[PDB]
Amino acid sequence: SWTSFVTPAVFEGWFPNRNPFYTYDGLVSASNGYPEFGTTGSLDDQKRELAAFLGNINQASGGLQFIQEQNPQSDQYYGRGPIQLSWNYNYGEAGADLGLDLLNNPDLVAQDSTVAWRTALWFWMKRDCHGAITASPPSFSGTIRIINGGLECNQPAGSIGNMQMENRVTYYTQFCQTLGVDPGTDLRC
């Protein structure tokens with residue numbers, strides 16, 4: 001039901017420079033595996049959840065231009081997909097929960113855009129961005145703590161990480177403005 005308010009036109013307006021790898025239809029298809037996403041709480045809670053998910057993705061993926069880390073210098077579990085899913089344990093855990101061979105074929109996240117979207121929704125639900133943003137009271141700042149707390153929260157003003165945190169708040173509050181919903185007071189971390 002969230003596609004009532006994040007329509008194809010809204011999505012395209014939010015992501016005008018997206019790589020064509022990423023499609024609205026893939027996000028819709030990925031979201032059907034998590035029916036609680038975008039359907040939890042009041043209509044305004046649902047709007048905030050979509051704005052928070054996609055606002056965080058806008059920062060993590062550079063406006064849906066990021067598919068995979070360009071010059072990785074670690075192992076095979078370098079960042080892929082719109083939340084830059086990284087590290088062996090995340091690929092193993094996500095692969096098990098999604099029923100995907102991400103441990104042995106992590107390239108799937110960069111090859112298949114529905115898989116890519118599913119890894120972003122998996123993180124959002126399993127690591128509980130979903131619970132933070134749909135709680136009464138809601139916490140956008142709690143979604144930032146969960147995604148990338150260790151680099152962006154609790155950082156001084158003017159620092160690199162604090163700037164990234166502020167970008168998340170900017171995108172979230174812009175997306176809430178499109179939807180006509182109050183973003184809530186608990187924005188920054």
# chains A, B, ... in the order shown; residues from 1 in each chain; ligands from 1
$ residues_around --residues "residue 59 in chain A" --least-positions-apart "5" --cutoff "8 Å" --atoms "only C-alpha atoms" --output "compact mmCIF listing (two decimals) with N, CA and C atoms, in the first residue's frame"
# COMPACT_ATOMS: atom_id res chain seq x y z
N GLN A 164 28.00 13.78 6.86
CA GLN A 164 27.23 12.70 6.24
C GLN A 164 25.93 12.48 6.98
N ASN A 167 23.61 15.05 5.90
CA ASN A 167 23.05 14.76 4.57
C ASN A 167 21.87 13.82 4.67
N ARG A 168 21.97 12.79 5.52
CA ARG A 168 20.85 11.89 5.72
C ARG A 168 19.63 12.65 6.19
N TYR A 171 18.14 14.68 3.28
CA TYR A 171 17.37 13.92 2.30
C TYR A 171 16.06 13.43 2.91
$ closest_residue --among "A:54, A:67, A:60, A:181" --to "residue 19 in chain A" --atoms "only C-alpha atoms"
A:67
$ residues_around --residues "residue 70 in chain A" --least-positions-apart "2" --cutoff "12 Å" --atoms "only C-alpha atoms" --output "JSON, numbers by chain"
{"A": [66, 67, 68, 72, 73, 74, 78, 79, 80, 84, 110]}
$ write_last_selection --atoms "N, CA, C and O atoms" --output "PDB file, in the first residue's frame"
ATOM      1  N   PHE A  66      25.606   4.115  -6.963  1.00  0.00           N
ATOM      2  CA  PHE A  66      26.552   3.105  -6.487  1.00  0.00           C
ATOM      3  C   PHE A  66      25.982   1.713  -6.680  1.00  0.00           C
ATOM      4  O   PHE A  66      24.903   1.395  -6.171  1.00  0.00           O
ATOM      5  N   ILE A  67      26.751   0.852  -7.351  1.00  0.00           N
ATOM      6  CA  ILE A  67      26.444  -0.565  -7.449  1.00  0.00           C
ATOM      7  C   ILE A  67      27.476  -1.403  -6.709  1.00  0.00           C
ATOM      8  O   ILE A  67      27.111  -2.343  -5.993  1.00  0.00           O
ATOM      9  N   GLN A  68      28.760  -1.052  -6.832  1.00  0.00           N
ATOM     10  CA  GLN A  68      29.818  -1.815  -6.174  1.00  0.00           C
ATOM     11  C   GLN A  68      31.071  -0.962  -5.995  1.00  0.00           C
ATOM     12  O   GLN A  68      31.351  -0.053  -6.785  1.00  0.00           O
ATOM     13  N   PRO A  72      38.243  -2.171  -4.586  1.00  0.00           N
ATOM     14  CA  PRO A  72      38.266  -2.795  -3.260  1.00  0.00           C
ATOM     15  C   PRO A  72      39.656  -3.309  -2.933  1.00  0.00           C
ATOM     16  O   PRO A  72      40.397  -3.775  -3.808  1.00  0.00           O
ATOM     17  N   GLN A  73      40.003  -3.193  -1.659  1.00  0.00           N
ATOM     18  CA  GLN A  73      41.292  -3.615  -1.136  1.00  0.00           C
ATOM     19  C   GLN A  73      41.072  -4.330   0.192  1.00  0.00           C
ATOM     20  O   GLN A  73      41.669  -4.000   1.216  1.00  0.00           O
ATOM     21  N   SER A  74      40.193  -5.328   0.179  1.00  0.00           N
ATOM     22  CA  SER A  74      39.956  -6.145   1.358  1.00  0.00           C
ATOM     23  C   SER A  74      39.816  -7.600   0.931  1.00  0.00           C
ATOM     24  O   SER A  74      40.801  -8.252   0.578  1.00  0.00           O
ATOM     25  N   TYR A  78      33.381  -6.811  -0.375  1.00  0.00           N
ATOM     26  CA  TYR A  78      33.376  -5.363  -0.455  1.00  0.00           C
ATOM     27  C   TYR A  78      31.964  -4.837  -0.733  1.00  0.00           C
ATOM     28  O   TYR A  78      31.045  -5.579  -1.049  1.00  0.00           O
ATOM     29  N   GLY A  79      31.814  -3.522  -0.617  1.00  0.00           N
ATOM     30  CA  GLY A  79      30.491  -2.904  -0.639  1.00  0.00           C
ATOM     31  C   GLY A  79      29.757  -3.104  -1.949  1.00  0.00           C
ATOM     32  O   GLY A  79      30.322  -2.887  -3.034  1.00  0.00           O
ATOM     33  N   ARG A  80      28.513  -3.577  -1.868  1.00  0.00           N
ATOM     34  CA  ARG A  80      27.706  -3.744  -3.064  1.00  0.00           C
ATOM     35  C   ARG A  80      26.269  -3.350  -2.779  1.00  0.00           C
ATOM     36  O   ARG A  80      25.780  -3.516  -1.652  1.00  0.00           O
ATOM     37  N   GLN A  84      25.589  -0.381   0.295  1.00  0.00           N
ATOM     38  CA  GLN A  84      27.010  -0.756   0.359  1.00  0.00           C
ATOM     39  C   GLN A  84      27.228  -1.904   1.339  1.00  0.00           C
ATOM     40  O   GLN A  84      28.075  -1.836   2.240  1.00  0.00           O
ATOM     41  N   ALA A 110      25.729  -7.259  -6.907  1.00  0.00           N
ATOM     42  CA  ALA A 110      25.999  -6.289  -7.959  1.00  0.00           C
ATOM     43  C   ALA A 110      25.447  -6.688  -9.327  1.00  0.00           C
ATOM     44  O   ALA A 110      25.408  -5.847 -10.222  1.00  0.00           O
TER      45      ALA A 110
END
$ closest_atom_pairs --of "range 7-109 of chain A" --to "range 136-140 of chain A" --cutoff "10 Å" --atoms "only C-alpha atoms" --output "CSV"
residue,atom,partner,partner_atom,distance
A:41,CA,A:136,CA,8.7
A:45,CA,A:138,CA,8.0
A:48,CA,A:140,CA,8.6
A:49,CA,A:140,CA,8.8
A:51,CA,A:140,CA,9.8
A:52,CA,A:140,CA,6.7
A:53,CA,A:140,CA,9.6
A:56,CA,A:140,CA,9.7
$ residues_around --residues "residue 18 in chain A" --least-positions-apart "6" --cutoff "9 Å" --atoms "only C-alpha atoms" --output "ChimeraX atom specification"
/A:12,62-66
$ atom_distance --atom1 "CA of residue 185 in chain A" --atom2 "CA of residue 3 in chain A"
25.2 Å
$ residues_around --residues "residue 123 in chain A" --least-positions-apart "4" --cutoff "9 Å" --atoms "only C-alpha atoms" --output "PyMOL selection string"
chain A and resi 83+85+90+94+118-119+127-129+147
$ residues_around --residues "residue 93 in chain A" --least-positions-apart "3" --cutoff "10 Å" --atoms "only C-alpha atoms" --output "list in words"
residues 88, 89, 90, 96, 97, 98, 99, 100, 102, 103, 122, 123 and 126 of chain A
$ write_last_selection --atoms "N, CA and C atoms" --output "compact mmCIF listing (two decimals), in the first residue's frame"
# COMPACT_ATOMS: atom_id res chain seq x y z
N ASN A 88 32.10 -10.24 5.51
CA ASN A 88 31.72 -11.64 5.42
C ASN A 88 30.50 -11.97 6.26
N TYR A 89 30.44 -11.51 7.52
CA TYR A 89 29.32 -11.95 8.34
C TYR A 89 28.00 -11.37 7.84
N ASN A 90 28.01 -10.17 7.29
CA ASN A 90 26.76 -9.62 6.75
C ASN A 90 26.31 -10.40 5.50
N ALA A 96 21.66 -16.20 4.27
CA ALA A 96 20.80 -17.18 4.92
C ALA A 96 19.36 -16.66 5.00
N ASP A 97 19.18 -15.42 5.47
CA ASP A 97 17.82 -14.92 5.68
C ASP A 97 17.07 -14.74 4.37
N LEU A 98 17.77 -14.33 3.32
CA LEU A 98 17.17 -14.10 2.00
C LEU A 98 17.11 -15.36 1.14
N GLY A 99 17.73 -16.46 1.59
CA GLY A 99 17.76 -17.67 0.78
C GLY A 99 18.57 -17.49 -0.48
N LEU A 100 19.72 -16.82 -0.36
CA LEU A 100 20.61 -16.50 -1.47
C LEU A 100 22.04 -16.92 -1.15
N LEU A 102 24.89 -15.69 -1.08
CA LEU A 102 25.74 -14.51 -1.01
C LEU A 102 27.10 -14.83 -0.38
N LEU A 103 27.18 -15.88 0.43
CA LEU A 103 28.49 -16.22 1.00
C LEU A 103 29.44 -16.69 -0.09
N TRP A 122 16.66 -6.11 3.74
CA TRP A 122 17.09 -7.04 4.79
C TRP A 122 17.75 -6.27 5.92
N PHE A 123 18.71 -5.40 5.60
CA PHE A 123 19.38 -4.68 6.68
C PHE A 123 18.40 -3.81 7.45
N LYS A 126 16.10 -6.40 9.49
CA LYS A 126 16.76 -7.27 10.43
C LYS A 126 17.52 -6.48 11.49
$ select_by_dssp --residues "range 118-175 of chain A" --states "helix (DSSP H, G or I)" --output "PyMOL selection string"
chain A and resi 118-126+129-134+140-152+160-175
$ closest_residue --among "A:125, A:180, A:172, A:162" --to "residue 34 in chain A" --atoms "only C-alpha atoms"
A:125
$ residues_around --residues "residue 101 in chain A" --least-positions-apart "6" --cutoff "12 Å" --atoms "only C-alpha atoms" --output "MDAnalysis selection string"
chainID A and resid 91:95 107:109 115
$ atom_distance --atom1 "CA of residue 151 in chain A" --atom2 "CA of residue 37 in chain A"
26.0 Å
$ closest_residue --among "A:150, A:55, A:33, A:38" --to "residue 14 in chain A" --atoms "only C-alpha atoms"
A:55
$ atom_distance --atom1 "CA of residue 25 in chain A" --atom2 "CA of residue 117 in chain A"
10.3 Å
$ decode --residues "range 90-171 of chain A" --atoms "C-alpha atoms" --output "short mmCIF file (atom, residue, chain, number, x, y, z; two decimals), in the first residue's frame"
data_model
loop_
_atom_site.label_atom_id
_atom_site.label_comp_id
_atom_site.auth_asym_id
_atom_site.auth_seq_id
_atom_site.Cartn_x
_atom_site.Cartn_y
_atom_site.Cartn_z
CA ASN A 90 26.76 -9.62 6.75
CA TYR A 91 26.84 -11.59 3.46
CA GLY A 92 26.52 -14.87 5.35
CA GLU A 93 23.66 -13.64 7.53
CA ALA A 94 21.83 -11.83 4.72
CA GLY A 95 22.31 -14.77 2.41
CA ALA A 96 20.80 -17.18 4.92
CA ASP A 97 17.82 -14.92 5.68
CA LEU A 98 17.17 -14.10 2.00
CA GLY A 99 17.76 -17.67 0.78
CA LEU A 100 20.61 -16.50 -1.47
CA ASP A 101 24.15 -17.82 -1.96
CA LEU A 102 25.74 -14.51 -1.01
CA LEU A 103 28.49 -16.22 1.00
CA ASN A 104 29.81 -18.07 -2.01
CA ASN A 105 28.62 -15.69 -4.75
CA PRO A 106 28.68 -12.17 -3.27
CA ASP A 107 28.82 -10.75 -6.84
CA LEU A 108 25.07 -11.52 -7.03
CA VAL A 109 24.41 -8.29 -5.12
CA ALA A 110 26.00 -6.29 -7.96
CA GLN A 111 24.57 -8.45 -10.79
CA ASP A 112 20.87 -8.58 -9.88
CA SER A 113 19.09 -5.38 -8.89
CA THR A 114 16.28 -7.19 -7.08
CA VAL A 115 18.89 -8.93 -4.95
CA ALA A 116 20.53 -5.53 -4.44
CA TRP A 117 17.30 -4.01 -3.19
CA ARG A 118 16.62 -7.07 -1.03
CA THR A 119 19.96 -6.65 0.79
CA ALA A 120 19.00 -3.06 1.65
CA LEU A 121 15.57 -4.06 2.93
CA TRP A 122 17.09 -7.04 4.79
CA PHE A 123 19.38 -4.68 6.68
CA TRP A 124 16.58 -2.18 7.32
CA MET A 125 14.31 -4.88 8.82
CA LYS A 126 16.76 -7.27 10.43
CA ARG A 127 18.94 -4.60 12.07
CA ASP A 128 15.76 -2.74 12.98
CA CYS A 129 15.86 0.65 11.25
CA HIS A 130 12.25 -0.38 10.68
CA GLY A 131 11.48 -0.52 14.42
CA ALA A 132 13.23 2.78 15.15
CA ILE A 133 11.41 4.79 12.51
CA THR A 134 7.97 3.26 13.13
CA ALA A 135 8.16 3.37 16.92
CA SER A 136 5.90 5.68 18.92
CA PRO A 137 7.72 8.02 19.23
CA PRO A 138 9.64 7.73 15.94
CA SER A 139 13.40 8.09 15.63
CA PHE A 140 15.08 8.96 12.35
CA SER A 141 18.28 9.45 14.33
CA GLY A 142 17.96 5.83 15.48
CA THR A 143 18.06 4.69 11.86
CA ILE A 144 21.36 6.54 11.43
CA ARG A 145 22.75 4.90 14.58
CA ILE A 146 21.91 1.48 13.15
CA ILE A 147 23.24 2.05 9.61
CA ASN A 148 26.57 3.71 10.18
CA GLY A 149 26.64 4.91 13.76
CA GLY A 150 30.35 4.21 14.19
CA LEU A 151 31.38 6.73 11.53
CA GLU A 152 28.57 9.33 11.42
CA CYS A 153 26.93 9.61 14.84
CA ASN A 154 28.52 11.32 17.83
CA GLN A 155 30.86 13.30 15.61
CA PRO A 156 31.74 16.99 15.98
CA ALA A 157 30.05 19.65 13.87
CA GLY A 158 32.01 20.27 10.69
CA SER A 159 33.56 16.81 10.72
CA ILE A 160 33.28 14.45 7.78
CA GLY A 161 31.01 12.00 9.55
CA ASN A 162 28.80 14.71 11.01
CA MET A 163 28.39 16.11 7.47
CA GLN A 164 27.23 12.70 6.24
CA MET A 165 24.77 12.46 9.11
CA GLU A 166 23.42 15.88 8.20
CA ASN A 167 23.05 14.76 4.57
CA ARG A 168 20.85 11.89 5.72
CA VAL A 169 18.69 14.35 7.68
CA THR A 170 18.53 16.67 4.65
CA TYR A 171 17.37 13.92 2.30
#
